[PDB]
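Peer 1: Please read through the structure below; I'll follow up with questions.
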Amino acid sequence: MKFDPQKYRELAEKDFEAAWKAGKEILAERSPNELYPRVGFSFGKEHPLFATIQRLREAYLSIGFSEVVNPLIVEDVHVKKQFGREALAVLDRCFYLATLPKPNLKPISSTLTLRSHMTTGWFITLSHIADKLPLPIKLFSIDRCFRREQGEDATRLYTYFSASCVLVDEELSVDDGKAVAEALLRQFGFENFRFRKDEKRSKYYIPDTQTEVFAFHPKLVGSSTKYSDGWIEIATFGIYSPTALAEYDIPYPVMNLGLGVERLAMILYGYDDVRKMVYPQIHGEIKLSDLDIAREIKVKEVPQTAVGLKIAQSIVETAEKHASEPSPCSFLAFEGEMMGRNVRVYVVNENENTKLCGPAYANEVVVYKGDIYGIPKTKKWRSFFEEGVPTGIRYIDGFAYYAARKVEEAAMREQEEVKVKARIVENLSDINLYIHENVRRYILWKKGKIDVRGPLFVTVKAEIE
Amino acid sequence: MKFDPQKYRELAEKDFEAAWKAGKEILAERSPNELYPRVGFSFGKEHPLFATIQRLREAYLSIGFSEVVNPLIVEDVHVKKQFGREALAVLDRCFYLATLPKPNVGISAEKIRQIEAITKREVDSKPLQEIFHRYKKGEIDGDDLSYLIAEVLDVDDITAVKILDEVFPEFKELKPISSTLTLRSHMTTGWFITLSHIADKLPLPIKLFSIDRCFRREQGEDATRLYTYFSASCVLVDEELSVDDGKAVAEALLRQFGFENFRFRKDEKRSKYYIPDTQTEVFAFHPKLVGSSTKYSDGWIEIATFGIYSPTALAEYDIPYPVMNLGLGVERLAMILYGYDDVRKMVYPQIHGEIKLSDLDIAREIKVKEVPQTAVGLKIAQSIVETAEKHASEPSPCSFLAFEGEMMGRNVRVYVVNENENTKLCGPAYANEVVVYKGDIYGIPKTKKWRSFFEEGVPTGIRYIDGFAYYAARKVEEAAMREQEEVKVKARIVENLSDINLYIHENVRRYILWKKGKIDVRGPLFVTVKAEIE
Amino acid sequence: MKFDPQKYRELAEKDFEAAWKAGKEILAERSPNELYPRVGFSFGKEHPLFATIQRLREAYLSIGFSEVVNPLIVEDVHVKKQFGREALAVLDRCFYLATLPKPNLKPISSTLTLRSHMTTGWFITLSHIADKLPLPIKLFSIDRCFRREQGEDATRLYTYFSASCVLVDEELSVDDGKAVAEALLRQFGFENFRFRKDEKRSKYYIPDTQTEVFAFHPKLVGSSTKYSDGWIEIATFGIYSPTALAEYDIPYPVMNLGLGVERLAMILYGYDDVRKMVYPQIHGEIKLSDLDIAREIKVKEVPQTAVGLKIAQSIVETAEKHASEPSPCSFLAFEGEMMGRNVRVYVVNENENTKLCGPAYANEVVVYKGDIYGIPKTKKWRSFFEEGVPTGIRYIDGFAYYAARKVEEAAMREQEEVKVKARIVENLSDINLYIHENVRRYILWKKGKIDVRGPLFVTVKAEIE
RNA sequence: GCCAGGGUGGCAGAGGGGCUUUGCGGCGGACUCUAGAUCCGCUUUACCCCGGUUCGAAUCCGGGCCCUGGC
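Chains as they are written, first to last, in the authors' numbering: chain B, 1 to 104, 174 to 534; chain A, 1 to 534; chain B', 1 to 104, 174 to 534. A prime marks a further copy of an entry chain.
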């Protein structure tokens with residue numbers, strides 16, 4: 001709360017520490033659902049695909065390549081202009097754009182196609198600058214592409230992200246393509262590189278230039294896959310055929326390196342199933358931390374009055390000690406008045422031989438590995454208490470508030486007495502605690518479980534007159 | 001050059017100032033194309049579009065929303081689930097994914113295929129009527145190097161590219177076949193699918209965003225729209241929602257891009273997927289816009305849209321809770337930020353010939369053709385400058401010793417002369433520099449008339465004589481190989497760079513023209529350099 | 001609110017649009033302090049100094065230079081090792097580190182000094198790698214420095230940020246220093262560059278290499294300063310003297326370019342007074358947008374019941390039309406019951422000749438250029454309404470809630486009748502509206518003003534029995 | 001979407017059934033010239049797409065696009 005500079009200012013002149021301890025007065029008093037971890041900040045979280053993409057843009061920029069956006073929708077006449085006589089073989093794997101005919174039904178395919186890879190648009194973009202700008206030209210672009218490869222879902226998908234770049238100079242070896250791969254690929258951890266000529270020998274790449282980069286990343290050695298040796302084919306590249314360049318008037322050669330993003334994204338953040346990565350919202354993959362599950366566990370009914378708080382706060386204060394005395398046996402915990410009439414609180418196990426409070430009065434709720442447990446803090450549960458997030462809410466704590474608010478209902482209902490009792494704990498409601506219906510459908514979905522059981526055996530009678 | 005730390009230290013410890021002025025020995029004597037701005041560093045540059053997309057990402061993340069990738073290609077059945085009836089109206093402005101079928105090598109084109117000379121072009125190889133069926137079964141692109149380079153011999157595709165052209169005129173009959181798959185017009189289409197799988201399993205409120213591509217059809221015109229665009233979108237899932245939440249987000253979002261005031265109007269469309277009377281149009285005022293060659297002189301521009309998803313479409317995906325959806329269109333926001341007027345010219349600039357080199361970049365490309373090769377020549381020219389730079393007003397004729405030394409092991413002595421008379425040793429435009437300005441290369445002299453060019457353009461630092469000197473510096477060294485005895489190189493008038501030793505790579509040359517630039521390098525340089533290489 | 005998929009699902013099968021409009025039912029109903037712009041998200045905002053710093057790191061990295069952290073605290077013996085015989089002249093402008101002597174009072178100066186510029190630490194850092202790593206070496210570092218230059222505050226400060234870098238090769242011209250300046254400086258807008266030899270001729274720079282970069286930035290032409298010509302000295306650089314390198318065993322030369330950050334930061338974000346930039350929290354410079362001032366303007370007392378809302382909501386609904394009828398004249402607006410007893414609301418200007426509602430019943434509150442106004446939406450105030458942020462809260466609106474909640478106090482106080490009246494409006498309290506005491510001390514600090522005046526002249530009587 | 005004038009080569013811009021401008025610029029060659037001029041040689045015989053009329057159309061008729069004096 002807002003204090004007074006002077007007041008405290010002067011107050012410190014006399015006995016300092018007496019005024020220092022006086023400071024504790026400004027601290028706010030917190031209710032049960034107002035303290036950590038039932039209250040916490042949040043924050044956005046980026047997707048591994050995109051992250052990697054940005055991480056790739058910089059990587060490219062860092063080795064000199066300027067960014068550019070290439071044509072995405074194109075007339076197949078281009079694929080044809082490039083692949084020469086192999087052009088049709090390719091047009092198969094590509095998609096075509098079809099539209100609906102205006103009924104002044175049945176889509177009418179057209180000559181347009183979604184690019185199967187960046188290269189389709191490259192020749193188009195390089196066509197306008199290849200002979201006007203000073204060499205070398207270093208362009209790159211990380212955008213979307215569309216392939217039809219078997220039209221699968223498991224192995225691959227309909228749209229991927231190419232991390233393309235092109236180098237336009239008067240003289241180019243396959244080497245420039247080698248350098249660019251290492252410079253680019255190294256900024257991600259890859260340490261050793263190996264290149265092997267590609268058999269596919271795509272016709273748009275000068276014969277015997279098309280290569281396949283193989284990079285080693287220590288993050289892989291030991292991986293639960295065939296990438297355990299540490300190496301993985303991570304990118305391909307070649308040098309555009311004069312046959313294709315000619316088709317677009319590009320006089321100088323051109324080196325073109327392509328990077329398969331979803332793969333890199335996977336290597337980096339360690340996902341195994343591309344789909345489970347790029348599309349986890351669908352593939353059931355969704356998680357909440359124990360700390361999160363925790364925060365979501367909150368007291369249902371809680372004392373709505375200043376006194377109410379100091380009531381249950383006492384109820385427990387006694388059970389924390391008198392939960393032993395051989396029952397029957399009654400103890401008094403509170404003495405004061407709320408709203409208008411004086412009040413006193415009673416605690417006793419009316420029943421015959423046994424103890425006052427059940428053996429579960431001291432069971433704390435903790436979340437662990439996805440499950441919500443109700444357990445005593447015994448040298449047996451340690452790991453659950455030292456690897457999970459202990460709610461901080463104990464059985465008696467959970468209980469108290471219920472009573473401290475239940476007598477609060479009688480205090481305003483004119484009533485004179487109420488006997489709030491509690492035996493077993495079949496779940497949370499029984500311990501006066503809840504979780505939004507959604508975290509619930511969650512726990513189940515993530516096939517986790519809630520084990521909040523226990524013999525509380527504690528009753529509280531209160532009289533207001 | 002590297003020096004000796006000890007020496008330079010034990011000498012400086014005693015005598016400092018002497019060591020200091022000595023340092024100059026470690027610097028490097030650069031030739032002519034080894035000087036600024038003939039030398040420089042290069043750096044990559046980002047594209048306004050991708051740039052904004054990044055800013056946009058951070059922006060969102062900075063307000064709670066977590067990133068997600070939504071379904072791009074979807075069954076139009078979804079659209080018809082998000083518009084009920086008004087669906088068709090949309091699917092007209094959408095694209096469907098067509099695709100080439102396989103060469104029907106059976107039935108229709110089989111019977112009449114078995115009534116001619118099946119095969120004449122000698123190829124033999126047992127009837128691979130199954131290796132062709134595995135095609136009408138499941139093949140792809142990287143499968144040609146199997147039924148040729150491993151079938152009818154012949155490497156990779158040296159005969160496969162034509163064997164499928166001459167003997168197989170069939171393939172040239174395939175036609176893409178439309179389907180029910182579509183390229184989402186806007187993000188929303190994919191939100192229902194994604195929110196579908198989690199609208200009730202994760203804790204509320206749900207804040208998700210995604211800046212990805214979307215395809216639309218609108219009068220095939222590069223100007224009045226583009227086939228593909230970007231849509232920085234977000235969805236807010238929570239129990240209780242009001243259009244306010246749409247504003248609150250639109251505010252906090254735009255506010256990180258300058259915009260200082262917002263106004264929201266109700267959209268006329270009144271689309272079906274949005275609750276009735278919630279589809280809002282958000283207008284924001286941004287300073288950079290105040291007074292411009294645009295229609296947003298007053299500063300206000302409509303930058304996004306948003307509304308609540310009808311509890312109707314939500315059910316179509318079994319989503320219990322209501323959901324807010326804001327949709328900032330990137331391309332514009334980018335133009336406003338990076339100052340562009342024409343969408344197409346901005347996003348796709350190389351294509352629209354919007355390339356451009358700077359004064360400084362042109363100046364950097366103007367190299368010196370004929371340049372020395374021996375430490376001597378470097379001095380010969382360096383010297384030819386001295387005598388020619390000083391004795392510029394000497395009523396010709398008249399020789400002038402410029403250099404005296406041994407080059408390549410031969411006594412060398414070159415002089416700066418003039419043949420005619422009634423004039424001066426060197427022409428008037430001998431001390432003319434090449435200044436690039438406003439995109440045109442110039443060969444002018446410093447004046448109170450040219451100031452504008454030397455203080456706005458960027459001087460190359462090369463003057464006609466400085467250019468020539470290097471040409472001569474080469475000739476003399478040449479004779480030092482042809483062991484001649486007398487070379488008298490001479491240059492009259494200047495009409496271009498050639499007549500100055502200067503030049504520029506062909507590409508920069510074409511740029512100049514393409515850009516309507518102009519090179520102006522003329523003037524009386526007149527100054528011969530007679531050499532006496534013994 | 002959470003709806004039912006099926007219910008709405010089927011409901012749409014019959015008449016769609018009847019079910020569509022049925023959708024409006026899920027939308028939450030908002031109270032006065034719950035709608036825009038009295039509710040809005042917030043977000044961090046970086047400081048121009050730092051921003052520019054990061055923006056500088058990338059710039060450097062983008063031209064190849066790797067990052068490194070140099071020594072900050074150093075024995076003056078270094079300044080001495082470098083400046084040779086000029087070393088003392090320098091030691092003047094530098095600070096020294098002094099500590100308190102442990103009393104088993175008066176600080177005891179020491180031999181340590183806070184670096185006056187990066188160069189002091191450069192020689193130290195280059196000492197270990199200059200001859201072990203492959204050339205060229207390109208290092209950079211943007212860190213803090215300490216100068217004593219006149220020990221001023223106005224002109225300059227005690228600590229600045231140097232954006233240093235060093236280039237270690239076998240052969241180096243002054244040119245490398247020129248290139249690096251343009252490459253670095255261009256990534257910020259600077260278009261044309263001019264270098265002039267520095268007279269200072271610092272002794273640690275090979276004689277006649279020390280230069281001063283002058284860069285042109287169109288963002289300056291027309292500036293309200295001497296940087297109107299567009300050019301500004303933005304950085305200096307030279308080539309380390311063999312005399313100094315020798316002192317640290319560096320065999321090869323070294324080019325060193327230094328960038329004065331606070332200046333660049335200023336050019337970029339356009340601040341004139343460095344201090345008003347780097348330290349605005351102190352120099353009174355603190356702002357809130359009209360939109361912000363707006364959001365902070367909220368209804369004080371508002372209907373705490375479901376009905377209460379639909380009450381004031383009606384009170385206004387009538388004044389919005391009957392604020393004309395020649396007074397006296399009474400109208401009824403509400404008919405229903407709250408909590409338990411039926412209720413009716415009256416509105417009349419008991420007084421003699423005039424109109425029912427004062428001429429200010431339709432005055433909306435809007436914030437503009439820093440002031441909080443209470444004005445009618447007349448074709449005279451337009452600009453205030455089209456450049457500012459209209460609260461949306463009008464006089465009657467502000468009023469209503471007061472009444473609708475005032476009768477709510479009688480409804481629970483057992484009472485039978487209440488006459489809430491209102492004549493003039495001397496300020497906000499009078500219109501039932503407030504602003505946190507802090508935005509208030511703000512408006513004043515930013516010497517802005519609040520003009521919420523007006524003759525509301527509107528009374529409301531209500532009877533509950 | 002609606003009356004009407006128009007959509008000509010690197011640029012400007014007359015005419016216009018088929019042969020057909022012109023000026024600027026560039027391209028190549030030549031010049032006794034101390035200054036930014038001189039002469040000779042030059043393209044892709046240029047006039048959007050699909051139909052109609054004709055011996056034939058850039059020049060004549062309809063449909064699709066592009067700039068407007070206007071709604």
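Note that the Cβ used here is the ideal one computed from N, Cα and C, for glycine as well.
Tell me which same chain residues have a C-beta within less than 7 Å of the C-beta of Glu239 (chain B), skipping the five on either side of it?
Peer 2: Counting only Cβ-Cβ distances below 7 Å, and skipping sequence neighbours, we find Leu204, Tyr321.
Peer 1: Report the three-state DSSP secondary structure of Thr447 (chain A) (helix, strand or coil).
Peer 2: DSSP places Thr447 (chain A) in coil when its eight states are reduced to three.
Peer 1: Does the distance from the C-beta atom of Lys288 (chain B) to that of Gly258 (chain B) stay below 7 Å?
Peer 2: Against a cut-off of 7 Å, the Cβ pair of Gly258 (chain B) and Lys288 (chain B) comes out as a contact.
Peer 1: Considering only C-alpha positions, which residue in the set B':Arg344, B':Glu365, B':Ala479 is nearest to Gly409 (chain B')?
Peer 2: Cα-wise, what sits closest to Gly409 (chain B') is B':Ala479.
Peer 1: Using a C-beta cutoff of 7 Å, does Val371 (chain A) count as contacting chain B'?
Peer 2: Not closer than 7 Å to any Cβ of chain B', the Cβ of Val371 (chain A) fails to qualify, so no.
Peer 1: Pull out every residue of the region 50-76 of chain B' whose Cβ sits closer than 7 Å to any Cβ of chain B, in chain order.
Peer 2: Result list: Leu61, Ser62.
Peer 1: Could you give the uninterrupted runs of the beta strand (DSSP E) lying entirely in the region 223-311 of chain A, keeping only those of 3 residues or more?
Peer 2: 228-237, 261-266, 280-285, 300-308, all fully within the region 223-311 of chain A.
Peer 1: Name the DSSP beta bridge partners of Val436 (chain B'), please?
Peer 2: According to DSSP, which records beta bridges pairwise, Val436 (chain B') is partnered with B':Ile441, B':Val458.
Peer 1: Determine which residues share a DSSP beta bridge with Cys214 (chain B') and list them.
Peer 2: DSSP, once it has assigned bridges, lists B':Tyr229 as partnering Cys214 (chain B').
Peer 1: Hey, how far is the Cα of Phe65 (chain B) from the Cα of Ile206 (chain B)?
Peer 2: Near 8 Å, if we compare the C-alpha coordinates of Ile206 (chain B) and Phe65 (chain B).
Peer 1: Less than 7 Å between CB atoms is the rule here; does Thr312 (chain A) satisfy it with respect to chain B'?
Peer 2: Chain B', which has a Cβ nearer than 7 Å to the Cβ of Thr312 (chain A), makes this yes.
Peer 1: Note down, in chain order, all residues in the region 251-268 of chain A with a beta-carbon under 7 Å from any beta-carbon belonging to chain B'.
Peer 2: Answer set for the region 251-268 of chain A: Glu251, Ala252, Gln256, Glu260, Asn261.
Peer 1: Return yes when the Cβ of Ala89 (chain B) is within less than 7 Å of the Cβ of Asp156 (chain A), no when it is not.
Peer 2: No, the Cβ-Cβ distance between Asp156 (chain A) and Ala89 (chain B) is not below 7 Å.
Peer 1: Do you know whose CA, among B':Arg38, B':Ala19, B':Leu56, B':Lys21, lies nearest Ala334 (chain B')'s CA?
Peer 2: Comparing Cα-Cα distances from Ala334 (chain B') to each of B':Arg38, B':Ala19, B':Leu56, B':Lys21, the minimum goes to B':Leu56.
Peer 1: On the premise that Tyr470 (chain B') lies in contact with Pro37 (chain B'), defined as a C-beta separation below 8 Å, what is that separation, rounded to the nearest angstrom?
Peer 2: At roughly 17 Å, the Cβ-Cβ gap does not stay under 8 Å, so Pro37 (chain B') and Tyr470 (chain B') are not in contact.
Peer 1: Looking at the structure shown, is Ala334 (chain B') part of a helix, part of a strand, or coil, going by DSSP?
Peer 2: Reduced to three states, the DSSP call for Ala334 (chain B') is helix.
Peer 1: For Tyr437 (chain A), return the contacting residues in chain B', with the cut-off set at a CB-CB distance below 7 Å.
Peer 2: Result: empty, since nearest Cβ-Cβ is about 10 Å, beyond 7 Å.
Peer 1: Throw me the rounded Cβ distance for the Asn501 (chain A) and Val368 (chain A) pair, which I believe falls under 8 Å.
Peer 2: Contact holds; Cβ gap of about 6 Å.
Peer 1: Run through the DSSP bridge pairs and tell me what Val412 (chain B') is partnered with.
Peer 2: Beta-bridge pairing links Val412 (chain B') to B':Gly405, B':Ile533.
Peer 1: Checking 7 Å against the spacing of the C-beta atoms, do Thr423 (chain B) and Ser393 (chain B) come in under that value?
Peer 2: No, Cβ-Cβ distance for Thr423 (chain B) and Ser393 (chain B) is not below 7 Å.
Peer 1: Could you work out which residues of chain A lie near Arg85 (chain B'), taking near to mean beta carbons separated by less than 9 Å?
Peer 2: By Cβ distance, chain A contributes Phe16, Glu17.
Peer 1: Which residues, in chain order, does the region 411-440 of chain B' contribute to contact with chain A at a C-beta distance below 9 Å?
Peer 2: The residues in question: there are none.
Peer 1: Residues of chain A with CB under 8 Å from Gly44 (chain B), in chain order?
Peer 2: Within 8 Å Cβ-Cβ: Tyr60, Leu61, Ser62, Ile63, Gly64, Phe65, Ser66, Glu67, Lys207, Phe209.
Peer 1: What residues from the region 291-315 of chain A come within 8 Å of chain B', judged by C-beta to C-beta, listed N to C?
Peer 2: Against chain B' - using a Cβ distance shorter than 8 Å - the residues of the region 291-315 of chain A are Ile308, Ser310, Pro311, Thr312, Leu314, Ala315.
Peer 1: What does a CB cutoff of less than 7 Å around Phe215 (chain B') pick up in its chain, not counting 5 residues either side in sequence?
Peer 2: So the qualifying residues of the chain are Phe95, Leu183, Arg184, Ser185, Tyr227, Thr228.
Peer 1: Taking beta-carbon pairs under 7 Å, can you tell me which members of the region 237-248 of chain B' lie near chain A?
Peer 2: Within the region 237-248 of chain B', the qualifying residues are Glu239, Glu240, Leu241, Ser242, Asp244, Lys247, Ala248.
Peer 1: Please state the DSSP three-state secondary structure of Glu67 (chain B').
Peer 2: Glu67 (chain B'): strand per DSSP, three-state reduction.
Peer 1: For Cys426 (chain A), count neighbouring Cβ atoms within 10 angstroms of its own Cβ and tell me buried if that reaches 16, exposed if not.
Peer 2: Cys426 (chain A) should be labelled buried.
Peer 1: Quick test of the definition: if touching needs 3 or more C-beta pairs under 8 Å, does the region 368-378 of chain B' touch the region 498-515 of chain B'?
Peer 2: With the cut-off at 8 Å, the region 368-378 of chain B' and the region 498-515 of chain B' touch.
Peer 1: Could you pull the start and end residues of the beta strand (DSSP E) that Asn325 (chain B) belongs to?
Peer 2: Looking at the DSSP string, the run of the beta strand (DSSP E) that includes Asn325 (chain B) is 324-328.
Peer 1: On the three-pair Cβ rule with 8 Å, is the region 512-532 of chain B' touching the region 400-415 of chain B'?
Peer 2: Cβ pair count under 8 Å is three or more, so yes.
Peer 1: Mapping the DSSP letters down to three states, classify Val489 (chain B') as helix, strand or coil.
Peer 2: If DSSP states are grouped into helix, strand and coil, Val489 (chain B') belongs with the strands.
Peer 1: Between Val508 (chain A) and chain B, is there a C-beta pair that is closer than 7 Å?
Peer 2: Taking Cβ atoms only, chain B reaches closer than 7 Å to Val508 (chain A), which makes this a yes.
Peer 1: Rounded to the nearest angstrom, what separates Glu477 (chain B') and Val237 (chain A) at their Cα positions?
Peer 2: If I take the Cα positions, the gap works out to 34 Å.
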